[PDB]
>>> print(open('input.txt').read())   # compact mmCIF, C-alpha atoms and all ligand atoms
# COMPACT_ATOMS: atom_id res chain seq x y z
CA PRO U 1 96.47 142.61 117.01
CA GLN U 2 93.61 141.87 114.59
CA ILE U 3 94.72 142.12 110.95
CA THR U 4 92.24 142.47 108.10
CA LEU U 5 93.03 141.31 104.59
CA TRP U 6 92.09 144.24 102.37
CA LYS U 7 95.84 144.74 101.89
CA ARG U 8 98.73 142.31 102.11
CA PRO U 9 99.34 141.39 105.80
CA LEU U 10 102.89 142.79 105.86
CA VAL U 11 104.51 143.22 109.27
CA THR U 12 107.95 144.12 110.57
CA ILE U 13 110.16 141.25 111.69
CA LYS U 14 113.57 141.37 113.38
CA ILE U 15 116.16 138.76 112.53
CA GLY U 16 119.91 139.01 113.06
CA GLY U 17 119.41 142.47 114.65
CA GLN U 18 117.88 143.75 111.37
CA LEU U 19 114.34 144.92 110.64
CA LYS U 20 112.69 143.49 107.54
CA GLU U 21 109.17 143.35 106.11
CA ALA U 22 107.44 139.96 105.90
CA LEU U 23 104.11 138.55 104.80
CA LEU U 24 101.98 136.57 107.30
CA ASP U 25 101.01 133.57 105.15
CA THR U 26 98.59 130.91 106.38
CA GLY U 27 99.04 129.09 103.08
CA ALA U 28 102.77 128.48 103.73
CA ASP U 29 103.82 125.50 105.83
CA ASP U 30 107.19 127.06 106.60
CA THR U 31 108.92 130.44 106.92
CA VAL U 32 111.16 131.49 104.04
CA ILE U 33 113.25 134.62 103.82
CA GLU U 34 115.34 136.27 101.13
CA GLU U 35 119.12 135.81 101.03
CA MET U 36 120.85 136.82 104.27
CA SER U 37 123.51 135.46 106.63
CA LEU U 38 122.29 133.17 109.44
CA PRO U 39 124.40 131.37 112.04
CA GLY U 40 125.08 127.66 112.24
CA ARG U 41 124.83 124.75 109.88
CA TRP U 42 122.09 124.37 107.31
CA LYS U 43 120.27 121.33 105.86
CA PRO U 44 118.83 120.93 102.35
CA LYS U 45 115.13 121.48 101.74
CA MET U 46 112.76 121.72 98.76
CA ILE U 47 109.61 123.84 98.95
CA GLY U 48 106.78 123.83 96.42
CA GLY U 49 104.89 126.88 95.32
CA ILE U 50 102.46 127.97 92.63
CA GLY U 51 105.08 127.69 89.89
CA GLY U 52 106.95 124.59 91.04
CA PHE U 53 109.67 123.62 93.54
CA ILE U 54 112.77 125.57 94.71
CA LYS U 55 115.84 124.60 96.78
CA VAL U 56 116.34 126.50 100.04
CA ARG U 57 118.75 126.40 103.01
CA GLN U 58 117.14 125.23 106.27
CA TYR U 59 118.41 126.84 109.49
CA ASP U 60 117.03 125.60 112.81
CA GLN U 61 116.41 127.35 116.12
CA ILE U 62 116.70 130.87 114.72
CA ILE U 63 115.55 133.76 116.94
CA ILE U 64 113.04 135.98 115.13
CA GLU U 65 110.70 138.71 116.41
CA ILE U 66 107.39 138.96 114.47
CA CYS U 67 105.35 142.13 115.00
CA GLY U 68 106.94 142.29 118.51
CA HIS U 69 106.26 138.61 119.38
CA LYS U 70 109.28 136.35 119.97
CA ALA U 71 109.66 133.09 118.04
CA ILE U 72 112.55 130.62 117.86
CA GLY U 73 112.40 128.07 115.09
CA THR U 74 113.15 126.95 111.59
CA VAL U 75 113.87 129.57 108.97
CA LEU U 76 114.39 128.72 105.29
CA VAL U 77 116.60 130.97 103.09
CA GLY U 78 116.17 131.08 99.35
CA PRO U 79 114.85 132.82 96.26
CA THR U 80 111.45 133.72 97.52
CA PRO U 81 109.60 136.74 95.99
CA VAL U 82 109.00 138.19 99.52
CA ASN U 83 109.88 137.27 103.10
CA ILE U 84 107.16 134.84 104.27
CA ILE U 85 106.16 133.89 107.85
CA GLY U 86 104.60 130.43 107.56
CA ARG U 87 102.59 128.28 109.92
CA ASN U 88 105.62 126.96 111.82
CA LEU U 89 106.14 130.45 113.35
CA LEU U 90 102.54 131.74 113.14
CA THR U 91 101.65 128.94 115.61
CA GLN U 92 104.44 130.05 117.97
CA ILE U 93 103.04 133.61 118.14
CA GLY U 94 99.49 132.25 118.68
CA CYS U 95 98.07 133.40 115.35
CA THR U 96 94.65 132.10 114.30
CA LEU U 97 92.25 132.74 111.40
CA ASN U 98 88.81 133.99 112.50
CA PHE U 99 85.49 134.60 110.70
CA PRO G 1 84.91 129.92 113.51
CA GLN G 2 88.47 130.10 114.90
CA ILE G 3 90.98 128.10 112.89
CA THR G 4 94.36 127.20 114.39
CA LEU G 5 97.43 126.75 112.22
CA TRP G 6 98.82 123.46 113.58
CA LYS G 7 97.88 121.98 110.18
CA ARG G 8 96.98 123.41 106.77
CA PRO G 9 93.71 125.45 107.00
CA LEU G 10 91.75 123.38 104.48
CA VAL G 11 88.01 124.01 104.14
CA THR G 12 85.20 122.75 101.89
CA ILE G 13 84.05 125.25 99.28
CA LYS G 14 81.22 125.15 96.72
CA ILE G 15 82.01 126.63 93.29
CA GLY G 16 80.37 126.12 89.87
CA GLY G 17 78.05 123.56 91.53
CA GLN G 18 81.05 121.43 92.67
CA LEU G 19 82.33 120.69 96.22
CA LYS G 20 86.11 121.17 96.50
CA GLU G 21 88.72 121.39 99.28
CA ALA G 22 90.70 124.68 99.38
CA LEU G 23 93.40 126.32 101.47
CA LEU G 24 92.66 129.62 103.28
CA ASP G 25 95.79 131.56 102.25
CA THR G 26 96.49 135.03 103.63
CA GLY G 27 99.67 135.17 101.51
CA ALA G 28 97.69 134.93 98.23
CA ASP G 29 96.29 138.10 96.68
CA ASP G 30 93.90 136.11 94.48
CA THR G 31 91.83 132.93 94.56
CA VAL G 32 93.10 130.14 92.26
CA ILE G 33 91.33 126.84 91.57
CA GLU G 34 92.47 123.73 89.70
CA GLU G 35 91.11 123.17 86.18
CA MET G 36 87.33 123.30 85.95
CA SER G 37 84.68 124.87 83.77
CA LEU G 38 83.18 128.20 84.86
CA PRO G 39 80.49 130.25 83.02
CA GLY G 40 81.08 133.62 81.36
CA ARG G 41 83.92 135.49 79.71
CA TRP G 42 87.55 135.05 80.80
CA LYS G 43 90.89 136.69 80.12
CA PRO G 44 94.44 135.31 80.46
CA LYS G 45 96.61 136.26 83.43
CA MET G 46 99.98 135.24 84.84
CA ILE G 47 100.40 134.69 88.58
CA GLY G 48 103.59 133.89 90.32
CA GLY G 49 105.56 133.24 93.37
CA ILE G 50 107.65 130.43 94.73
CA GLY G 51 108.76 128.34 91.78
CA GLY G 52 107.88 131.06 89.28
CA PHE G 53 104.75 131.86 87.27
CA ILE G 54 101.76 130.00 85.81
CA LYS G 55 99.19 131.05 83.20
CA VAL G 56 95.57 131.10 84.41
CA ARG G 57 92.13 132.08 83.12
CA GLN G 58 90.53 134.98 85.00
CA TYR G 59 86.74 134.72 85.54
CA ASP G 60 84.95 137.63 87.16
CA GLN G 61 81.82 137.78 89.38
CA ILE G 62 82.00 134.14 90.42
CA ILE G 63 80.02 133.03 93.50
CA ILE G 64 81.72 130.80 96.04
CA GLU G 65 80.38 129.38 99.29
CA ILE G 66 83.11 129.02 102.00
CA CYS G 67 81.93 127.45 105.35
CA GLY G 68 78.34 128.59 104.70
CA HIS G 69 79.50 132.15 103.85
CA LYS G 70 78.66 133.31 100.30
CA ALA G 71 81.18 135.57 98.56
CA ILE G 72 81.50 136.91 95.03
CA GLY G 73 84.70 137.80 93.23
CA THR G 74 87.30 137.01 90.62
CA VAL G 75 88.39 133.39 90.44
CA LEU G 76 91.53 132.31 88.55
CA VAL G 77 91.60 128.78 87.05
CA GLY G 78 94.80 127.00 86.14
CA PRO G 79 97.47 124.45 87.00
CA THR G 80 97.79 125.25 90.69
CA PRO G 81 98.97 122.33 92.93
CA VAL G 82 96.21 123.20 95.51
CA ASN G 83 92.91 125.16 95.43
CA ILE G 84 93.60 128.51 97.16
CA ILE G 85 91.18 131.00 98.70
CA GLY G 86 93.06 134.29 98.51
CA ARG G 87 92.51 137.65 100.11
CA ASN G 88 90.03 138.83 97.46
CA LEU G 89 87.49 136.34 98.89
CA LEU G 90 88.77 136.05 102.52
CA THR G 91 87.84 139.71 103.05
CA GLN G 92 84.26 139.04 101.92
CA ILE G 93 83.72 136.36 104.58
CA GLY G 94 85.19 138.70 107.25
CA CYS G 95 88.31 136.61 107.78
CA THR G 96 91.03 138.18 109.97
CA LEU G 97 94.41 137.14 111.45
CA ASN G 98 94.51 137.40 115.26
CA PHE G 99 97.37 137.14 117.80
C1 LIG Q 1 100.45 128.23 98.01
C2 LIG Q 1 100.65 129.70 98.27
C3 LIG Q 1 101.08 129.89 99.71
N1 LIG Q 1 101.86 131.14 99.80
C4 LIG Q 1 101.38 132.29 99.01
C5 LIG Q 1 101.57 131.95 97.56
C6 LIG Q 1 100.49 132.74 96.84
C7 LIG Q 1 100.61 132.69 95.33
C8 LIG Q 1 99.43 133.32 94.67
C9 LIG Q 1 98.24 132.63 94.55
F1 LIG Q 1 98.16 131.39 95.04
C10 LIG Q 1 97.14 133.18 93.94
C11 LIG Q 1 97.22 134.46 93.43
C12 LIG Q 1 98.40 135.18 93.53
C13 LIG Q 1 99.49 134.60 94.14
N2 LIG Q 1 100.68 135.34 94.26
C14 LIG Q 1 100.72 136.44 95.09
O1 LIG Q 1 99.80 136.78 95.83
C15 LIG Q 1 102.01 137.20 94.97
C16 LIG Q 1 102.76 137.28 96.29
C17 LIG Q 1 103.56 136.06 96.60
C18 LIG Q 1 103.50 135.50 97.86
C19 LIG Q 1 104.24 134.38 98.17
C20 LIG Q 1 105.06 133.83 97.21
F2 LIG Q 1 105.81 132.74 97.45
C21 LIG Q 1 105.13 134.40 95.96
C22 LIG Q 1 104.38 135.51 95.64
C23 LIG Q 1 103.62 138.51 96.40
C24 LIG Q 1 103.57 139.24 97.56
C25 LIG Q 1 104.35 140.38 97.68
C26 LIG Q 1 105.17 140.77 96.64
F3 LIG Q 1 105.93 141.87 96.76
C27 LIG Q 1 105.23 140.03 95.48
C28 LIG Q 1 104.45 138.90 95.36
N3 LIG Q 1 101.48 130.48 97.29
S1 LIG Q 1 103.04 129.81 96.90
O2 LIG Q 1 103.86 130.77 96.18
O3 LIG Q 1 102.71 128.56 96.26
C29 LIG Q 1 104.02 129.33 98.33
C30 LIG Q 1 104.05 128.00 98.70
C31 LIG Q 1 104.80 127.62 99.79
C32 LIG Q 1 105.52 128.56 100.50
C33 LIG Q 1 105.49 129.89 100.11
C34 LIG Q 1 104.75 130.28 99.02
CL CL Q 2 109.91 125.62 113.69
CL CL Q 3 87.70 140.09 93.37
CL CL Q 4 86.36 144.45 107.53
>>> encode(input="input.txt", output="structure tokens", more="lines below")
Ligand SMILES: C[C@H]1CNC[C@H](CCc2c(F)cccc2NC(=O)CC(c2ccc(F)cc2)c2ccc(F)cc2)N1S(=O)(=O)c1ccccc1
Ligand SMILES: [Cl-]
Ligand SMILES: [Cl-]
Ligand SMILES: [Cl-]
Amino acid sequence: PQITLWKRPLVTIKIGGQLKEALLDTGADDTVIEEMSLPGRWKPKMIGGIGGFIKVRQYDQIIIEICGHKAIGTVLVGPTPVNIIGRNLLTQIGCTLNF
Amino acid sequence: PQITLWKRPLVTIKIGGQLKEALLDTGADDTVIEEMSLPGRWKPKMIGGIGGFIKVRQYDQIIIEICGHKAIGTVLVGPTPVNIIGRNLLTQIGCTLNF
């Protein structure tokens, strides 16, 4: 699809068999989602935002569907204001910015 | 142009007669630039997200040039860790997400 930016680019994602809403964010290096249970071991990670840095849990090789497109990669879990799909997964689904 | 997301989508912008590097961020509602002087009236605003909130100065009707494309809109100025071109100005240059 072609998504304009007059409104927030919110799409449906599927992770752990559950549908959630997430923001497609070209300004985020990584994908970060609100608290939920993910399988496997996690590693520590710090991510920096507008207001400073936060600690998150890093899960690797997580299956996630984004607007119907399959991705498998790193998902961070932490106290984010909204679920965010960052460049690590936007590249997997072949997303580009065009003007 | 078509910009891939293998690395941060950093572009050169021209604002207040200064050349600056800024991130094209579909996850940002507003455009926020590091401390600089801008002409006209301003009002305080709080913007937030990962890490919490920061106080910024809101300047309206500011002209920006992004990749040769002129756009006018509100520009927030404050202690952001990176200059961000948010949706309020990405729409004006006809920027879309495509996959
Ligand atoms: C550097 C950029 C890159 N991601 C976007 C974000 C924009 C911040 C921003 C601006 F810059 C300029 C003007 C406004 C704002 N804020 C919003 O638009 C609010 C928004 C939001 C989005 C992501 C957040 F994390 C936090 C909040 C929001 C959407 C839906 C909702 F219901 C409630 C809030 N920042 S970040 O937090 O630092 C960050 C850095 C690394 C990874 C993730 C995020
Ligand atoms: Cl990944
Ligand atoms: Cl505006
Ligand atoms: Cl349009």
>>> calpha_fit_and_write(input="input.txt", fixed="chain G", moving="chain U", output="short mmCIF file (atom, residue, chain, number, x, y, z; two decimals) with C-alpha atoms, keeping the file's coordinate frame")
data_model
loop_
_atom_site.label_atom_id
_atom_site.label_comp_id
_atom_site.auth_asym_id
_atom_site.auth_seq_id
_atom_site.Cartn_x
_atom_site.Cartn_y
_atom_site.Cartn_z
CA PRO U 1 84.94 130.03 113.21
CA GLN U 2 88.45 130.34 114.69
CA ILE U 3 90.99 128.24 112.77
CA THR U 4 94.37 127.32 114.24
CA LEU U 5 97.37 126.57 112.06
CA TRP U 6 98.76 123.31 113.42
CA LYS U 7 97.41 121.71 110.24
CA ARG U 8 96.73 123.15 106.81
CA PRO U 9 93.61 125.41 106.98
CA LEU U 10 91.61 123.33 104.49
CA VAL U 11 87.89 124.04 104.25
CA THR U 12 85.03 122.96 102.01
CA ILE U 13 84.02 125.35 99.25
CA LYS U 14 81.08 125.12 96.84
CA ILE U 15 81.50 126.33 93.29
CA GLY U 16 79.36 125.39 90.29
CA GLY U 17 77.16 123.24 92.59
CA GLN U 18 80.21 121.08 93.49
CA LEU U 19 81.99 120.66 96.82
CA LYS U 20 85.77 120.95 96.77
CA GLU U 21 88.54 121.35 99.35
CA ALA U 22 90.50 124.61 99.41
CA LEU U 23 93.29 126.20 101.40
CA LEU U 24 92.69 129.55 103.17
CA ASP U 25 95.85 131.43 102.17
CA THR U 26 96.66 134.88 103.54
CA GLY U 27 99.83 134.88 101.45
CA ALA U 28 97.87 134.74 98.16
CA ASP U 29 96.55 137.96 96.65
CA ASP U 30 93.97 136.09 94.59
CA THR U 31 91.92 132.88 94.55
CA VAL U 32 93.09 130.13 92.20
CA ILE U 33 91.42 126.81 91.60
CA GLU U 34 92.30 123.67 89.68
CA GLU U 35 90.91 123.05 86.19
CA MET U 36 87.10 123.16 86.04
CA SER U 37 84.37 124.69 83.87
CA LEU U 38 83.21 128.21 84.81
CA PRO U 39 80.65 130.36 83.00
CA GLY U 40 81.33 133.47 80.97
CA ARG U 41 84.34 135.00 79.32
CA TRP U 42 87.81 134.90 80.79
CA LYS U 43 90.76 137.34 80.71
CA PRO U 44 94.48 136.51 80.78
CA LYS U 45 96.41 136.72 84.03
CA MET U 46 99.89 135.81 85.32
CA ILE U 47 100.42 134.87 88.96
CA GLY U 48 103.79 134.49 90.68
CA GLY U 49 104.60 131.87 93.24
CA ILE U 50 107.59 130.37 95.00
CA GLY U 51 108.88 128.73 91.83
CA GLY U 52 108.06 131.43 89.28
CA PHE U 53 105.06 132.67 87.25
CA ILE U 54 102.14 130.71 85.70
CA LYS U 55 99.37 131.67 83.24
CA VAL U 56 95.80 131.34 84.53
CA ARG U 57 92.27 132.11 83.26
CA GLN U 58 90.55 134.97 85.13
CA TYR U 59 86.78 134.67 85.61
CA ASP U 60 84.93 137.56 87.27
CA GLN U 61 81.84 137.67 89.48
CA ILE U 62 81.83 133.95 90.25
CA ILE U 63 79.55 132.73 93.06
CA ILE U 64 81.48 130.67 95.62
CA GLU U 65 80.55 129.48 99.12
CA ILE U 66 83.54 129.26 101.53
CA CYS U 67 82.99 127.29 104.74
CA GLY U 68 79.28 128.29 104.45
CA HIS U 69 79.96 132.01 103.79
CA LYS U 70 78.86 133.44 100.43
CA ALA U 71 81.34 135.30 98.21
CA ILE U 72 81.01 136.61 94.65
CA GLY U 73 84.21 137.62 92.95
CA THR U 74 87.21 136.85 90.83
CA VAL U 75 88.32 133.26 90.51
CA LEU U 76 91.49 132.24 88.64
CA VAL U 77 91.72 128.77 87.00
CA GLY U 78 95.05 127.14 86.34
CA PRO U 79 97.71 124.62 87.29
CA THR U 80 97.82 125.27 90.97
CA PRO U 81 98.98 122.47 93.35
CA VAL U 82 95.79 122.93 95.49
CA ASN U 83 92.66 125.07 95.39
CA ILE U 84 93.58 128.37 97.10
CA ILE U 85 91.25 131.02 98.62
CA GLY U 86 93.23 134.27 98.48
CA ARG U 87 92.75 137.68 100.03
CA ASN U 88 90.24 138.87 97.42
CA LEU U 89 87.64 136.41 98.83
CA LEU U 90 88.97 136.13 102.41
CA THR U 91 88.11 139.85 102.76
CA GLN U 92 84.57 139.22 101.48
CA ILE U 93 83.93 136.59 104.19
CA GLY U 94 85.41 138.91 106.87
CA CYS U 95 88.50 136.82 107.60
CA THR U 96 91.25 138.35 109.73
CA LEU U 97 94.55 137.14 111.23
CA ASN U 98 94.70 137.43 115.04
CA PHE U 99 97.47 136.96 117.64
#
>>> closest_atom_pairs(input="input.txt", of="chain U", to="ligand CL 4 (chain Q)", cutoff="9 Å", atoms="only C-alpha atoms and all ligand atoms", output="CSV")
residue,atom,partner,partner_atom,distance
U:4,CA,Q:CL4,CL,6.2
U:5,CA,Q:CL4,CL,7.9
U:6,CA,Q:CL4,CL,7.7
>>> write_last_selection(input="input.txt", atoms="C-alpha atoms", output="PDB file, in the frame of the given file")
ATOM      1  CA  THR U   4      92.240 142.470 108.100  1.00  0.00           C
ATOM      2  CA  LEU U   5      93.030 141.310 104.590  1.00  0.00           C
ATOM      3  CA  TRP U   6      92.090 144.240 102.370  1.00  0.00           C
TER       4      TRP U   6
END
>>> residues_near_ligand(input="input.txt", ligand="ligand CL 3 (chain Q)", cutoff="7 Å", atoms="all atoms listed in the file", output="MDAnalysis selection string")
chainID G and resid 73:74 88:89
>>> interface_residues(input="input.txt", of="chain U", to="chain G", cutoff="6 Å", atoms="only C-alpha atoms", output="PyMOL selection string")
chain U and resi 1-5+25-27+49-54+80-81+87+91+94-99
>>> atom_distance(input="input.txt", atom1="atom CA of residue G:33", atom2="atom CA of residue G:11")
13.3 Å
>>> closest_residue(input="input.txt", among="G:17, G:65, G:31, G:77", to="ligand LIG 1 (chain Q)", atoms="all atoms listed in the file")
G:31
>>> residues_around(input="input.txt", residues="residue U:59", least_positions_apart="6", cutoff="7 Å", atoms="only C-alpha atoms", output="JSON, numbers by chain")
{"U": [41, 42, 43, 74, 75, 76]}
>>> residues_near_point(input="input.txt", point="(115.0, 144.4, 105.6)", cutoff="12 Å", atoms="all atoms listed in the file", output="list in words")
residues 11, 12, 13, 14, 15, 16, 17, 18, 19, 20, 21, 22, 33, 34, 35, 36, 82 and 83 of chain U
>>> residues_near_point(input="input.txt", point="(119.8, 126.1, 117.9)", cutoff="9 Å", atoms="only C-alpha atoms", output="mmCIF file with C-alpha atoms, keeping the file's coordinate frame")
data_model
loop_
_atom_site.group_PDB
_atom_site.id
_atom_site.type_symbol
_atom_site.label_atom_id
_atom_site.label_comp_id
_atom_site.auth_asym_id
_atom_site.auth_seq_id
_atom_site.Cartn_x
_atom_site.Cartn_y
_atom_site.Cartn_z
ATOM 1 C CA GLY U 40 125.080 127.660 112.240
ATOM 2 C CA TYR U 59 118.410 126.840 109.490
ATOM 3 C CA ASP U 60 117.030 125.600 112.810
ATOM 4 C CA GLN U 61 116.410 127.350 116.120
ATOM 5 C CA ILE U 62 116.700 130.870 114.720
ATOM 6 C CA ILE U 63 115.550 133.760 116.940
ATOM 7 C CA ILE U 72 112.550 130.620 117.860
ATOM 8 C CA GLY U 73 112.400 128.070 115.090
#
>>> atom_distance(input="input.txt", atom1="atom CA of residue U:30", atom2="atom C32 of ligand LIG 1 (chain Q)")
6.5 Å
>>> closest_residue(input="input.txt", among="U:64, U:37, U:70, U:78", to="ligand LIG 1 (chain Q)", atoms="all atoms listed in the file")
U:78
>>> decode(input="input.txt", residues="stretch 10-28 of chain U", atoms="N, CA and C atoms", output="PDB file, in the first residue's frame")
ATOM      1  N   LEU U  10      -0.909   4.351  11.513  1.00  0.00           N
ATOM      2  CA  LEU U  10      -1.212   3.234  12.393  1.00  0.00           C
ATOM      3  C   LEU U  10      -1.730   2.096  11.558  1.00  0.00           C
ATOM      4  N   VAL U  11      -1.178   0.902  11.784  1.00  0.00           N
ATOM      5  CA  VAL U  11      -1.582  -0.302  11.058  1.00  0.00           C
ATOM      6  C   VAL U  11      -1.837  -1.418  12.058  1.00  0.00           C
ATOM      7  N   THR U  12      -2.458  -2.495  11.605  1.00  0.00           N
ATOM      8  CA  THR U  12      -2.655  -3.655  12.454  1.00  0.00           C
ATOM      9  C   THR U  12      -1.451  -4.566  12.284  1.00  0.00           C
ATOM     10  N   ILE U  13      -0.973  -5.078  13.413  1.00  0.00           N
ATOM     11  CA  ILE U  13       0.097  -6.058  13.444  1.00  0.00           C
ATOM     12  C   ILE U  13      -0.455  -7.299  14.139  1.00  0.00           C
ATOM     13  N   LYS U  14       0.197  -8.436  13.934  1.00  0.00           N
ATOM     14  CA  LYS U  14      -0.176  -9.668  14.610  1.00  0.00           C
ATOM     15  C   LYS U  14       1.081 -10.228  15.219  1.00  0.00           C
ATOM     16  N   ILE U  15       1.055 -10.432  16.526  1.00  0.00           N
ATOM     17  CA  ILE U  15       2.196 -10.964  17.246  1.00  0.00           C
ATOM     18  C   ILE U  15       1.636 -11.850  18.350  1.00  0.00           C
ATOM     19  N   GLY U  16       2.178 -13.050  18.467  1.00  0.00           N
ATOM     20  CA  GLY U  16       1.700 -14.008  19.466  1.00  0.00           C
ATOM     21  C   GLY U  16       0.226 -14.354  19.314  1.00  0.00           C
ATOM     22  N   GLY U  17      -0.239 -14.410  18.066  1.00  0.00           N
ATOM     23  CA  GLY U  17      -1.621 -14.710  17.681  1.00  0.00           C
ATOM     24  C   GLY U  17      -2.606 -13.595  17.997  1.00  0.00           C
ATOM     25  N   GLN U  18      -2.106 -12.423  18.460  1.00  0.00           N
ATOM     26  CA  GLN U  18      -2.964 -11.304  18.832  1.00  0.00           C
ATOM     27  C   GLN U  18      -2.812 -10.113  17.928  1.00  0.00           C
ATOM     28  N   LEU U  19      -3.932  -9.444  17.620  1.00  0.00           N
ATOM     29  CA  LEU U  19      -3.909  -8.244  16.785  1.00  0.00           C
ATOM     30  C   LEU U  19      -3.689  -7.047  17.681  1.00  0.00           C
ATOM     31  N   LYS U  20      -2.823  -6.138  17.229  1.00  0.00           N
ATOM     32  CA  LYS U  20      -2.530  -4.915  17.966  1.00  0.00           C
ATOM     33  C   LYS U  20      -2.363  -3.814  16.957  1.00  0.00           C
ATOM     34  N   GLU U  21      -2.429  -2.558  17.408  1.00  0.00           N
ATOM     35  CA  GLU U  21      -2.214  -1.414  16.541  1.00  0.00           C
ATOM     36  C   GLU U  21      -0.768  -0.954  16.736  1.00  0.00           C
ATOM     37  N   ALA U  22      -0.090  -0.554  15.643  1.00  0.00           N
ATOM     38  CA  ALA U  22       1.274  -0.077  15.777  1.00  0.00           C
ATOM     39  C   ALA U  22       1.552   1.039  14.800  1.00  0.00           C
ATOM     40  N   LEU U  23       2.503   1.888  15.170  1.00  0.00           N
ATOM     41  CA  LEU U  23       2.865   3.050  14.368  1.00  0.00           C
ATOM     42  C   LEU U  23       4.059   2.736  13.489  1.00  0.00           C
ATOM     43  N   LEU U  24       3.958   2.992  12.164  1.00  0.00           N
ATOM     44  CA  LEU U  24       5.116   2.788  11.274  1.00  0.00           C
ATOM     45  C   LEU U  24       5.987   4.019  11.479  1.00  0.00           C
ATOM     46  N   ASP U  25       7.207   3.835  12.020  1.00  0.00           N
ATOM     47  CA  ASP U  25       8.065   4.944  12.394  1.00  0.00           C
ATOM     48  C   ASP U  25       9.460   4.913  11.763  1.00  0.00           C
ATOM     49  N   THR U  26       9.646   5.708  10.710  1.00  0.00           N
ATOM     50  CA  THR U  26      10.955   5.766  10.057  1.00  0.00           C
ATOM     51  C   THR U  26      12.025   6.386  10.923  1.00  0.00           C
ATOM     52  N   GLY U  27      11.619   7.106  11.969  1.00  0.00           N
ATOM     53  CA  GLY U  27      12.565   7.733  12.888  1.00  0.00           C
ATOM     54  C   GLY U  27      13.022   6.813  14.003  1.00  0.00           C
ATOM     55  N   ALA U  28      12.540   5.556  14.035  1.00  0.00           N
ATOM     56  CA  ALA U  28      12.938   4.609  15.073  1.00  0.00           C
ATOM     57  C   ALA U  28      13.873   3.577  14.479  1.00  0.00           C
TER      58      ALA U  28
END
